[PDB]
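Taking the form deposited in one PDB entry, here's one chain by itself in structure tokens.
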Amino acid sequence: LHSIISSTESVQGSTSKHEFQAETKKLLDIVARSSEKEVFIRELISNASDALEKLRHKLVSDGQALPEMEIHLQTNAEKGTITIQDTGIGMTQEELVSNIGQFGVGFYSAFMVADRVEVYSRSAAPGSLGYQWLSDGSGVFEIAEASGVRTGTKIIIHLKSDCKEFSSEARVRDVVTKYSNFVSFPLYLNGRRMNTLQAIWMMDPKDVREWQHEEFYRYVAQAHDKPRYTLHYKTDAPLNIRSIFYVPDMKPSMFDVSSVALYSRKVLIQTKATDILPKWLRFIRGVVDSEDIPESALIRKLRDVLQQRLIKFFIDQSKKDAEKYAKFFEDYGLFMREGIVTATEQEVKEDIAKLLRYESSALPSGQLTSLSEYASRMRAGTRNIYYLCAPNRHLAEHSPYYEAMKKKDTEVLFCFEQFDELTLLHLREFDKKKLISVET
């Protein structure tokens, strides 16, 4: 076992009393009078991770050797406490007094569960002194210089009467595994290394190998096949997004017809995000991580950005490997047709419709075309897109209506899927060209 938490600190003098500022008091009042208490742990772990990253980047910028960089949790049932300590960059006295800002999120989270909070911090800057910070959540906090403070930050939470469950090792273990499994620094609970995983969505896409995606896909999809498609989407405008999307190699089953995990800086928000993607993209598996995450205007914005990017991805795949894309459309194309029918906005219907592939009177049997490719072949004076739904190519070609049209070179899409009729009825037009069935 490997533990660093113990009572090493002492205070030689008296404490200085300070009064919280008005809005901090008002938010402390809200917390006292107001739930999902367990999330204080994931917030504290996240701040510890940020403090460690700050130290690491600073030391690597210099030529300095790296110390042990770890996050530790300790429970004490006999004393009703939970403690977190990390060996990161710590806080100066100025910061401990210069108190939403991530110092604040860990703050209100802690007082959700605490009768009082006891903090020791020492900045990694050379010559830094250690400090004790104390508060019971009233309008006052106390600060005093402390000896025996390890570089970094230790937070001791003296738990409320109704929050003693967080002094149980097993309860805390389960909370850590639920929300904090992908934390990027070593994490220990009561001296035992927690088994945590690698957040590969945060890596630059060019550095993630196929075997890593295969392992991660099988984990997030709880699957045994490989992904037929992988999209690692990283952007910083207009939104922060680090995401990986997978399409299964297997065809969709009934389970897929009846999704994705949501994170924020490697902190789980929802294991199964409800509306992160449009419903028609529910066959996608994977992860979405956004620093911008508190239904909301933001979730709507994120969903629309991801929809556009995934449609672009599939368009680009049809260009990279048309035979592979044709199989994907055969296997997953009912989701696209569903999305066209259920979509409200004409622009969204036409975006999804860019993924449709059909046979054509102008192409060899078996060969597929897109609507935009059909449009590029339209002859001057003919301004509509013509189609015919039939069980197979032979029956379409021997339609008396198609036979007559053949005399004037008009291309006709041949559509064999039973839901093509409804899809094209609902699509109605594409790139300002009406869709017309050549038989009524």
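We call the rigid core whatever largest set of C-alpha positions still superposes within 1.5 Å between the two forms. Residue numbers run from 1 along the displayed sequence.
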Is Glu295 a gap in at least one third of the other compared entries? yes
At least a third of the other compared entries: do they leave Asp204 without coordinates? no
Using what the record says, work out whether there is a hole in the model between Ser258 and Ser259 and how many deposited residues it spans (none, 1 to 3, 4 to 9, 10 or more). 4 to 9
I'd like to know the size of any gap between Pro364 and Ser365, counted in deposited residues with no coordinates: none, 1 to 3, 4 to 9, or 10 or more. none
Averaging only over Cα atoms, indicate whether 268 to 276 or 314 to 322 has the higher B-factor in the PDB entry. 268 to 276
Could you settle it for me: does 392 to 400 or 409 to 417 have the higher average Cα B factor in the PDB entry? 392 to 400
I'd like to know which of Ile299, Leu187, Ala144, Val247 has the highest C-alpha temperature factor in the PDB entry. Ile299
Based on what the PDB entry reports, which of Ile385, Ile30, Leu44, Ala51 has the top C-alpha B-factor? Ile30
How does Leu55 rank on Cα B-factor within its chain, lowest, middle or highest third? middle
Hey, what third does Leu371 fall into on Cα B-factor, ranked over its chain? lowest
Test of reading the entry: by CA B factor among the chain's modelled residues, which third contains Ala380? highest
Within this chain's modelled residues, let me know which third the CA B factor of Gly148 belongs to: lowest, middle or highest. middle
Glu68's Cα B-factor: lowest, middle or highest third of the chain? middle
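Another form exists, deposited in another entry; not displayed. Remarks below refer to it.
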Which listed residue, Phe283, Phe313, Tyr108, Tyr229, is the one whose CA shifts 2 angstroms or more between the shown form and the other one with the rigid core aligned? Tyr108
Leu355: Cα shift of 2 Å or greater between the shown form and the other one (core-aligned): no
After core superposition, I'd like to know whether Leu413 moves between the shown form and the other one (criterion: C-alpha shift of 2 angstroms or more). no
Honestly, after the rigid core fit, is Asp50 moving at least 2 Å at Cα between the shown form and the other one? yes
Cα-Cα shift for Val175 and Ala221, closer or farther in that other deposited form, minimum 3 Å: closer
